[PDB]
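# Sequence plus experimental coordinates follow:
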Amino acid sequence: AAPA
Amino acid sequence: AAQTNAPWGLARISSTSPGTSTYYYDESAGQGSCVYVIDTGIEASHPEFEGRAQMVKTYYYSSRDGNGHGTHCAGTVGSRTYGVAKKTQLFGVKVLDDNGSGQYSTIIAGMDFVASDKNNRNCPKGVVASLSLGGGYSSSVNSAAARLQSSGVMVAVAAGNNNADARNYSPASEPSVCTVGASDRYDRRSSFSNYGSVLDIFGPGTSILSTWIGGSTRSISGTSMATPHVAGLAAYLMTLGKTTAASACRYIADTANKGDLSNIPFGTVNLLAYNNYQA
Ligand SMILES: [Ca+2]
């Protein structure tokens, strides 16, 4: 994942 | 209580209409409840947290947010000035690195962690988890979120900023959780916001003022920003006794402002988080  | 000259998002959430400036809310302010922030960590010493925040777990070399993402989200949850539930407890879970990257096994580990850790916390009014991250579809990630939700925690997840159907992104695509889209000042779907039937509700995600690292503040945009408004809202309603972890997401949609959003494609809900406050 990655941040949103 | 009433917060004058509040950030637009907080105001929006306590109004039936866009364009106001006051944030009306009950003084109880989500006290007695807990919000897990699963991101880049929290800058716990930030004066805005008044000492109500703390890091509980890292998956890296440090427990500090050298990114900002998590600290921003936590603020929207329950910081004095910028948050929904001003008297809640915050716990930081660092699943993402300072570069904002994170492998799926770590995010799954962080979720199981939360489901266990909550048992040794004092959170009488309930527990919430706010997850402003995502990636491509993954069943294991989804299943991790489901487990979390089933364990008795209000799970709220960002829909993503691909301006696509969220069904191809995780954990946004897990139906059991509370997938949150983003909106702007003018009651428009944020242009980057993902959409689709799996969405449960919208919140303010464009140009949101919040806490930042080095005791600062910053405006940024995203479904990450919307997610916390909802988690903060659930925390808030839980302390008031209106709903429970299991049914919070449903409750929030039943009680939402309906039909006000624009740029909402067929098949997506037109539902805007709303606290229904009345003095
Ligand atoms: Ca759902």
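In hand now; what should we look at? Numbering: from 1, shown residues only, chains lettered A, B, ... in the order given.

# Quick check: residue B:85 touching residue B:235?
Yes - using CB atoms under 8 Å, residue B:85 is in contact with residue B:235, at 4.4 Å. Just so you know, the C-beta spots here come from the backbone N, C-alpha and C atoms, and that holds for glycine as well.

# Show me how far the host helix or strand of residue B:112 is from its chain's centre.
Using DSSP states H and E, residue B:112 maps to helix B:104-117. Mean-position distance between helix B:104-117 and its chain equals 17 Å (CA atoms, centre = their mean, to the nearest Å).

# For the stretch 1-150 of chain B, which residues are neighbours of chain A?
Proximity of the stretch 1-150 of chain B to chain A, by CB under 8 Å from any CB of the partner chain, involves residues B:39-40, B:67, B:69-70, B:95-96, B:100-102, B:104, B:107, B:132-135, B:141.

# Any of those buried? List them.
B:39-40, B:67, B:69-70, B:95-96, B:100, B:102, B:104, B:107, B:132-135, B:141 (16 or more other CB atoms under 10 Å in any protein chain shown).

# So which of the residues you listed are in strands?
If you go by DSSP state E, these have B:39, B:133-135 in strands.

# Make TSV out of these and add distance to residue B:60.
What follows is these, written out as TSV (distance: CB to CB, whole Å):
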residue	distance to residue B:60
B:39	12
B:133	15
B:134	19
B:135	18
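
# and the next element down the chain from the longest helix along chain B?
For chain B, the longest helix by residue count, based on DSSP state H, is helix B:223-240. The element immediately downstream of helix B:223-240 (helix or strand, assigned by DSSP H and E) is helix B:248-254.

# Can you point out the buried residues in that following helix?
Neighbour counts using 16+ other CB under 10 Å place B:248-249, B:251-253 of helix B:248-254 among the buried residues.

# same deal with stretch B:271-279?
Judged by neighbour count (16+ other CB under 10 Å), stretch B:271-279 contains these buried residues: B:271-275.

# ok, so of these, who is nearest chain A?
The nearest member of those to chain A, counting by CB to the nearest CB, is residue B:273 at 17.0 Å.

# Excluding sequence neighbours, find me the nearest residue to the closest one.
In space, residue B:273 comes closest to residue B:203 once its chain neighbours are excluded; the distance is 4.7 Å by CB to CB, 6 or more residues apart in numbering or on different chains.

# is the ion contacted by whichever strand or helix holds that neighbour?
Applying DSSP H and E as the criterion places residue B:203 in strand B:201-204. No - figure legend: strand B:201-204 not in contact with the ion (CB under 5 Å from the ion); closest approach 8.7 Å.
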